[PDB]
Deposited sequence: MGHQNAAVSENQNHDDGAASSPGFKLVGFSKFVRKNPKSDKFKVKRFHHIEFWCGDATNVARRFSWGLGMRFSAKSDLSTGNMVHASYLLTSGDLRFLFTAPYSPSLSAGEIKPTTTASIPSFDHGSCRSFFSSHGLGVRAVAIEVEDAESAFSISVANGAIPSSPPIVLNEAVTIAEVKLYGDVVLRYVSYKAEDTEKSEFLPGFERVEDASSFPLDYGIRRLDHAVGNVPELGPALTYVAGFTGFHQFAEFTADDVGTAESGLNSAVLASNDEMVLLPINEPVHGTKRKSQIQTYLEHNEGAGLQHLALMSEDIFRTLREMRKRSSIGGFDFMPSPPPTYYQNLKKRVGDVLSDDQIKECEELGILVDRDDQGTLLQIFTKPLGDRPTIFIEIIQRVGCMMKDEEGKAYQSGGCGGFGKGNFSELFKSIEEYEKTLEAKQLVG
């Protein structure tokens, strides 16, 4: 008697595969990469610093399944090229970090051909940031402006990056809390309209249909595995407006990290919150989890709803699947970028965006807190 109809034109102007990596720009990459590695359970797998010959910048790669986190900091220009990332600029990293703080600089996706994806993007309105550059006849990398100071990096292959030496573990069994891949990367913009027209104008990404102080929209690729949601603030206190003021303009709001077992990951992450890891936002009242069995009782057992209450995980669902989700506190000094830990249940063939993004938890949390 109820039905939600999804439509997918599959209008991608170029062939995109998966998310490749996320590049944070830092002031000191070593302390941030080691903070994230311990708090998130990501292995130190590659690097491109002075120990490898790179006298321009220091970059460290953390991996966990298919998720790649790159942490890049600039060296002093008096060390002069030996840079392994050709898009890197000292005056651009300093300006980015001095104005936005710790945050995401590049959102990298894998494509069939970064050189073609760059020409089609620029030809369809995108502002170019870094032209296509072929590294060692193996990898091609191009960058276009996404929003604010974030660039959409195109990555393509011929068969991590050239100039990176792989880092091998000294621990008996390396770090791993269950995070396997990036699900979606969300940015905040002043006006949602021009952002959607711009991004979808050069990517061909269609809008993913949805089942507080913001207006949200999700741009998705043909297979809906690369998800780029965007939020604008609703005025008349909004976190999006608080984001833009402390970030000095638009920027990436949060990254959702998919876990093969969100209880395993939250058990590890919450263990380390006060000993170097990441803190989490306040948990819903106990009335929230008592209301779970009546709306997700056919998906989660009685012992699994108990497990969400102990860890602070929110549950949401739509017409196709179910979503387990929780949010960390801001990763750095500024109340800007944070991290979401999710696990999607259902839509097995696993469809992209299964269970939605948790928009129903706005009222579900508001309704549950109203038991006071």
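By the record, the deposited chain contains unmodelled runs at 1 to 28, 109 to 115, 195 to 201, 254 to 262, 288 to 290, 404 to 411, 435 to 445, with no C-alpha atoms placed there.
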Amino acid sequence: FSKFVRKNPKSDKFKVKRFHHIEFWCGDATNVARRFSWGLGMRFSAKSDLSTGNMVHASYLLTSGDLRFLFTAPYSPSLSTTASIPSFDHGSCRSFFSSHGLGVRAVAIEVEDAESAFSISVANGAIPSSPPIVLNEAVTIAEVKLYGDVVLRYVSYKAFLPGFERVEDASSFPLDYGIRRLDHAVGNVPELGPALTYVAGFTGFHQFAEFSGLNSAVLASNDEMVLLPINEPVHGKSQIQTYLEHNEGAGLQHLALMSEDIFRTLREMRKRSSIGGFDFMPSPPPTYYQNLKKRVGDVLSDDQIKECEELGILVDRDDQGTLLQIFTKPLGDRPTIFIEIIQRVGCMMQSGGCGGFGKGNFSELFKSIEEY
From here on, numbers count along this sequence of modelled residues.
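Each form is matched to the other, and the largest set of C-alpha atoms that superpose within 1.5 Å is called the rigid core.
In terms of root mean square C-alpha deviation after superposing on the rigid core in 8 other deposited structures of this protein, the stretch standing farther out between 160 to 168 and 189 to 197 is 160 to 168. Across the other entries compared, at least a third leave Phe173 without coordinates even though the residues on each side are present. In the comparison with other entries of the same protein, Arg270 is given coordinates in all of those covering both sides of it, so it never reaches the one-third threshold. Taking the mean C-alpha B-factor of each stretch as recorded, 42 to 50 and 336 to 344 are not equal, and the higher mean is that of 42 to 50. For the segment pair 317 to 325 and 66 to 74, the entry gives 317 to 325 the higher mean B-factor, averaged over Cα atoms. The residue among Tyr147, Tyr198, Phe96, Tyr289 whose C-alpha atom has the highest B-factor in the PDB entry is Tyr289. Remark: of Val151, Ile141, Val299, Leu102, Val299 shows the highest value [criterion: C-alpha B-factor in the PDB entry]. In the deposited entry, the Cα temperature factor of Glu364 sits in the top third of values across the chain's modelled residues. When all modelled residues of the chain are sorted by CA temperature factor, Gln253 is found within the lowest third. When the CA B factors of the chain's modelled residues are split into thirds, the value for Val155 lands in the middle one. Placement of the Cα temperature factor of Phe164 within the chain: middle third of the modelled residues, per the deposited record. Sorting the modelled residues of the chain by their CA temperature factor places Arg34 in the lowest third.
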